[PDB]
Amino acid sequence: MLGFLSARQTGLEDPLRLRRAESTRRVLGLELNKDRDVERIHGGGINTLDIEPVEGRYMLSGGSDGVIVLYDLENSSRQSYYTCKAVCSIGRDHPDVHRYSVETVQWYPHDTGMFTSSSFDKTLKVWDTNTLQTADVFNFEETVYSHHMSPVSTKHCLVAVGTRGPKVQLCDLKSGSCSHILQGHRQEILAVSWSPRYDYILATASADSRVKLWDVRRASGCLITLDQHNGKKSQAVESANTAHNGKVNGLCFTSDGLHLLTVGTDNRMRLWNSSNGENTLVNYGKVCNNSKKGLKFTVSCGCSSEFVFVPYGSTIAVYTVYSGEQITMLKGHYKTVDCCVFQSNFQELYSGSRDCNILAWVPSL
Amino acid sequence: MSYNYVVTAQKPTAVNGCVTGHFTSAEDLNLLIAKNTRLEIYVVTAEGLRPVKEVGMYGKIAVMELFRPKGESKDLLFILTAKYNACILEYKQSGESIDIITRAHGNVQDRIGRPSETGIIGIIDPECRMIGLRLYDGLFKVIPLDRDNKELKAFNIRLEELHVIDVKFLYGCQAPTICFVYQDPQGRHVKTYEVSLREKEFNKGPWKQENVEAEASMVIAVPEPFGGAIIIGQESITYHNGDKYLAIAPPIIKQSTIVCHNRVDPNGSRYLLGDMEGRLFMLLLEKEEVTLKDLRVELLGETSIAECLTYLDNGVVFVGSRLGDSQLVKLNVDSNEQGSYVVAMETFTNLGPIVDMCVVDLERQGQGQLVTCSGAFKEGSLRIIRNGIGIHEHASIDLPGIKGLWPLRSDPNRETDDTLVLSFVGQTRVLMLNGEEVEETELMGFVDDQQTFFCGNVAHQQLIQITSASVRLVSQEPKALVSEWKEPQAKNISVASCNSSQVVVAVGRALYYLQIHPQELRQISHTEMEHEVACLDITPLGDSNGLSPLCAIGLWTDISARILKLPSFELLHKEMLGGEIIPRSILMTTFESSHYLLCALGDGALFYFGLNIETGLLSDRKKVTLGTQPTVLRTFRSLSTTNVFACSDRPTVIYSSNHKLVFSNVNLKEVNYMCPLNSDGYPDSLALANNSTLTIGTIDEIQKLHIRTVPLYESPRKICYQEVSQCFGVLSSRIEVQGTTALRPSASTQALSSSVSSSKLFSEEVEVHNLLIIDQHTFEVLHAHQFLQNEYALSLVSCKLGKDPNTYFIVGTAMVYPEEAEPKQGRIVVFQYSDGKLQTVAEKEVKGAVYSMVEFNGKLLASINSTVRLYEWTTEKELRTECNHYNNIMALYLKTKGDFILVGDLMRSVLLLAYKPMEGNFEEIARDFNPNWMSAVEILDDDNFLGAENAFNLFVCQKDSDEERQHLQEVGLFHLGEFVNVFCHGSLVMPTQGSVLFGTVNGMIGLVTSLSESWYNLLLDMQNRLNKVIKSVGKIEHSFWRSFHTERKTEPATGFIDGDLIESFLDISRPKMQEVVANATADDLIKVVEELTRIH
Amino acid sequence: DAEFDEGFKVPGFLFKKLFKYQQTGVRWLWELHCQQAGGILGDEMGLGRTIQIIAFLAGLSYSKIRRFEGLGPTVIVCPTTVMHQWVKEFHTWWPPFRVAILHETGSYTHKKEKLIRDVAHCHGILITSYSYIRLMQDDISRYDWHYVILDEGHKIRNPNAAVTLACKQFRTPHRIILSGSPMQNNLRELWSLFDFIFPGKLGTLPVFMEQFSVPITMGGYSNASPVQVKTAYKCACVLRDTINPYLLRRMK
DNA sequence: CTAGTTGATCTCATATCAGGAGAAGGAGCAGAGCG
């Protein structure tokens, strides 16, 4: 570290070197901080967490009990020990509270004033953070497994919604049109994720073992359908070209958006070229998931080497994205982990689980 | 909101990139040097370099390459900025006017992307079919050139290799072919692609991938005859052409890796290679009839540590250094008897990485004087920076009450000024000053009972003296006075004037014109004017015949600089000056373009006009107020041109550079009179008379801040000044290899006395760290205390602790072992410098690296790894902890004002801490919760905190105005473009509040100071309008350039005035000024901008 | 020559002949082509819509934008009474298009499948009737058509008719409708037309009905409760803005 | 071979108490092992 400081100070190395290297070192040293706690408010398992993209100060959390909690992640107290207090909460007494499990919650990108949340009550509610009141509701004919707003699109403000229907619903928060559907999957869509690189590229993963990339502008079906073998087992596309040998219940684009991570109930995680959907054949070993719903996992940002923090049973398994090497397994939960979210400002991780806890993992030293 | 003004006191000096080519003309050979934000254009003359232009980009030049598209007469320049502004620039010379026209521009930043490790690579196809940019991992951006854009539309090609080390375009390829080294987990490989602009994708390269060395880090494209590429690695140099595979492993290059290269020939039969040690190798390609036989490497010699190097011609090489002075070296065919062919021709001063610096009032004036820890491993040095011109006195003679100075050649044969005549009250005193010996003697032909208004050497090997009563023409060779003229009415002479040929004396209100001829003083022109005389000058300029045709006068009660026709004493021109103070000095001098008349008053006012040799008409009146006392003007011809000197309580050397007059300061107390002097021992020397003595000094550079250099030959890290001990404490670091052996004689090894740390606390190449005590007069290393094995000295403070009166050098260290990443051991050592020795007064084992130490109200405030703790200095002379604060990731930077501590963190950015003495512990007042990685911090006022973030930004935090009081508000934001290493209060000079200098990695010394709300609004408006009028080189918007920028944030600047942009308000023509100041008058804004320029 | 943002060189000696609204329409057609979506030139009769189409396709062919080097094989489905008019329009605006009519009158004098094969093999401009689409729905849709233009596309007004199914069996993303009135009776027709040009935008027909047609007509009666009319207005607004970037309609 | 006319054929619109007997399932529940 003193070598790094000296090399930054004298200009041998770009300051970029020290940032990325020290962030990587912090991530490798990621450990359950009993020096930080998250206030327990959910009566049920936390299905989803979302740190706001701008300023990374506030975090949303949706539980199976239907409540939403809005936490402050900044140590506003002068002590080195603090609890991430719950700022707001859509509780059992809020008139608009979800009737059933909140499966996904997402801050509006570009501003912290709005956030959207979907539930097994077949609703995607848009909330005004300041008033804490719903500003819009999108009813769907079938329960929502996942929704996602594009983190990049300054132009369109569509929400891709995956429900048990075989169709992917696109809901325009700009004047409200929830009619658009992308057809081509054959079973429930368990995950949707917009590319962080291209405004209109959407990757949708479903129960039929397929992941499809769509250009929602385009009127002609999916761009690419991810294939495990890239052509070794080639068939007229009616049943082949599966991304996994089971249900694909998780999606995540890498930070730069040039690759796609999909995790499926075949206990595999695969990395795909997001442009031509080619399997990069990164191994990753065996990534244990048996989730019957969407599995929310994240990648690191702004480190020398990219990581992926994937829920592995009751632990969080940390892998290197481009080599597969399992860095470590963060072990602090008591039931299966549903979601982990990465605070890229400080290389911190927050993981929620069915044990009704949100555990913060902070780098040690 | 905070209101700050940032200006550049010293422009960046570190050369981050240099190219050669035909840019200014098809026939010229130019050397273009990129210093961080400056582009310097030179011409490669037969000797040295002739500067032609120096332009400022609104961007850090990351890439800079010259290329000649088909049909173009001369090379165009492609520059990419760190913020990814691309531009193609052309050089257009229209007579005197010079322009750098932007043939094209754009911004090529992708909205997201991991900026690559090795950094922005920008390459051009040798057939100029495209520009390749490697900006992000997994992508390769292309700017087509055959399609003549003006917006530089660029498209990404996905590169399946994600860790690219280096990339070049290959030569002799039908289609654009890139060759790149990339790292995959299986090792490093060289691969090629063909870039298809029509299909906009990569294709199979001409020759398949090859597995190469583990540290293969550079690719060299070889021109057409050989083709292929040479990949330089840590241990080997290999060549690939697709079927041929040469490889060499010269042992001489194993010690250090080669970091830069340059093609000496057009056919690439020879390449220069520079390594991090500064060695310069020559890589030779031996051809066969053509194919390539073998590779050879020969060590040419040693240079500065090269960031880049360029071969100009005739064996002349420019060694551009970021870490040391850039060099201009020659390559001789034969060695110099020490094995080296390199011979340094010229050196360009580089304030290298200014890792630390202090403002010290050396020589006990009222002027600050920066001392900086500049440079790095071999190029380390202390640079001493001062304003002014430099007295450089050599001798003095205590002669109270001087009222005149004139140089004389007493020896007839010698043309040198080996005698000085002086007037004090009513008599004449002569001084011989033979060589260096000075004594007081009398020279024949001078009256010692009457005052000397004037005297000097004249033609015909004659001297002349104008006294208060008569004028005496001394025949130096034959005998004493033979021609003497006395006023017919025996009236006294009030003012005098004379040159090498003629004379003009003022008696009362009347002027007499005398012409000097052998054994004759003939009066021609005479008149009795309206009022009394004040000052005169008849010095010939552009003489060419022997006589001046004009005259300049100053009169009484009609205060004005008047002109006269010499043969007739008629009134040519009149300019009215006014005031109740008579003129004192009138001088006329050529300044680089034409004749100027310099007239001064008794209150320090001075007027300079443009004079014509035909009419004698004063035009383009401009006024300048220098000094608060009367002034006299004296002319001395330096190396370049004539440089008039203004003598007053505020001495100021006046000359002209770039056809504009500038007022450079002289920083001694006072100068009544001056005269030039070139004795056999004193060359081009001065003789500055004051009330007491005559200091005899020369002046070096008469223009900008002067930089001394004290070569340390080892990396300095910190520096603090001990006034009581008259020395600088400098932490230094040298590299030893083996027990251990110094690679060269460094400053630590060459101290007068020395010592080594003998501590009972703790029981390839390594860094040895020393504490150097350096004399603040001679800058010799009085002492060098070497620290423990594997001990890195990080911080150093000079202070008094507790109650005892001794001043200590206190050092914080850390124990660095290779098996660990963050030191767990370290110590605070207290030294006392006395009797030329450095005794160890105390020690204190801490459990971490002591990154930073500041004295805090008689207590020692250290920053051990993540804790900021306060120590008390007990009567027993040991350090005892008082209080701690632990809520830091890594408290790297500490500053103080009163009871408040500003803790700069590695990544949580600032923390306002207060030591509440009543309770005896720290209290977190406020914190900035943004994730800014600090490089330095500073406290401007009680509640404004300057900080430097590592992405080259400045921000100011402010204590706000409940729990939101613990949130520091970023009220100022500004992208400096520099990595600030150190802030320090002080100013380099004798409207703005406070003054903070800062030094950067690239060698910029900048200055931050606080403005008031009124001036801030005014200057911000000026800034907006100047942006509307000034045209940038790459057509980059100033607002975009100065926008706070980080990988996860981008906001416009605020609370900061770009002082460089404001001070450019003077370098524009008058109509443009009127365009700026449309909606008070322009001269008001001129007054403002000068008053702003005075602060640095 | 007039130039668009990404680069679509509509020739000057054609582009100058168009009127302002016609040039706006060519712009819009090409915005769709970039988005790879279809749309409805709903301009009512007499403005001239065939001119805009020939203009745009000619610009797309000359500009050589690319799949296909420039414009590929295109099929135009129009009523019999206007086919010959269409070919004349092409031949007077952009001659180099090898335009060919599929009809008993025709000009091929050989097997009609050989006409389809030849025209597709030459990237020609093939004109049919709706009946030939319906009859040869399996044969005509095998040659990778690059454009489908249903002139008077209100023949597709019924989502049940065999002509609608046969026309929706085309695969290309590029579907253009030239109809003076996209809907004539009710919103069945609008949905069918949009299901053609852009298969997914409006939902499946049940969803579209139950969201739009019923609330809307219930709000079209003067005895409707205030809530009903207010909901009708809201749903009409939602549909209007949903169809906005794909229906270009200009009145007189 | 070449048009043109004339039938047939098909597609697409526009309508709002005086049974009985047995077989199967299910539910209540007593009770016996037995984990």
# chains A, B, ... in the order shown; residues from 1 in each chain; ligands from 1

call {"tool": "closest_atom_pairs", "arguments": {"of": "chain D", "to": "chain C", "cutoff": "12 Å", "atoms": "only C-alpha atoms (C1' of nucleotides)", "output": "JSON lines"}}
result
{"residue": "D:1", "atom": "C1'", "partner": "C:109", "partner_atom": "CA", "distance": 11.4}
{"residue": "D:2", "atom": "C1'", "partner": "C:105", "partner_atom": "CA", "distance": 11.0}
{"residue": "D:3", "atom": "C1'", "partner": "C:105", "partner_atom": "CA", "distance": 10.1}
{"residue": "D:4", "atom": "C1'", "partner": "C:105", "partner_atom": "CA", "distance": 11.8}
{"residue": "D:10", "atom": "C1'", "partner": "C:131", "partner_atom": "CA", "distance": 10.2}
{"residue": "D:11", "atom": "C1'", "partner": "C:162", "partner_atom": "CA", "distance": 7.9}
{"residue": "D:12", "atom": "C1'", "partner": "C:161", "partner_atom": "CA", "distance": 7.1}
{"residue": "D:13", "atom": "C1'", "partner": "C:158", "partner_atom": "CA", "distance": 9.3}
{"residue": "D:14", "atom": "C1'", "partner": "C:185", "partner_atom": "CA", "distance": 9.1}
{"residue": "D:15", "atom": "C1'", "partner": "C:185", "partner_atom": "CA", "distance": 11.4}

call {"tool": "closest_atom_pairs", "arguments": {"of": "chain C", "to": "chain A", "cutoff": "10 Å", "atoms": "only C-alpha atoms", "output": "CSV"}}
result
residue,atom,partner,partner_atom,distance
C:32,CA,A:217,CA,9.1
C:33,CA,A:218,CA,9.5
C:34,CA,A:218,CA,8.9
C:35,CA,A:217,CA,5.5
C:36,CA,A:218,CA,5.0
C:37,CA,A:219,CA,5.0
C:38,CA,A:219,CA,7.5
C:171,CA,A:220,CA,7.6
C:172,CA,A:220,CA,7.2
C:173,CA,A:220,CA,5.2
C:174,CA,A:219,CA,8.2
C:175,CA,A:219,CA,9.4
C:197,CA,A:219,CA,8.2
C:198,CA,A:219,CA,5.4
C:199,CA,A:219,CA,6.6
C:200,CA,A:181,CA,5.1
C:201,CA,A:180,CA,4.1
C:202,CA,A:179,CA,5.1
C:203,CA,A:179,CA,4.8
C:204,CA,A:179,CA,8.4
C:207,CA,A:179,CA,8.1
C:208,CA,A:179,CA,7.7
C:211,CA,A:179,CA,9.2
C:234,CA,A:176,CA,9.8
C:235,CA,A:176,CA,9.4
C:237,CA,A:175,CA,8.6
C:238,CA,A:177,CA,6.2
C:239,CA,A:177,CA,7.6
C:240,CA,A:177,CA,9.9
C:241,CA,A:175,CA,7.1
C:242,CA,A:177,CA,6.1
C:243,CA,A:177,CA,9.8

call {"tool": "select_by_dssp", "arguments": {"residues": "stretch 113-299 of chain A", "states": "strand (DSSP E or B)", "output": "MDAnalysis selection string"}}
result
chainID A and resid 114:119 123:128 133:139 144:149 158:163 168:172 177 181:182 189:194 201:206 211:215 224:225 248:253 259:264 268:273 279 296 298:299

call {"tool": "closest_atom_pairs", "arguments": {"of": "chain B", "to": "chain A", "cutoff": "6 Å", "atoms": "only C-alpha atoms", "output": "tab-separated table"}}
result
residue	atom	partner	partner_atom	distance
B:112	CA	A:256	CA	5.9
B:113	CA	A:256	CA	4.8
B:353	CA	A:10	CA	5.1
B:821	CA	A:1	CA	5.7
B:822	CA	A:1	CA	5.7
B:887	CA	A:80	CA	5.2
B:924	CA	A:78	CA	5.9
B:931	CA	A:345	CA	5.9
B:1001	CA	A:11	CA	5.9
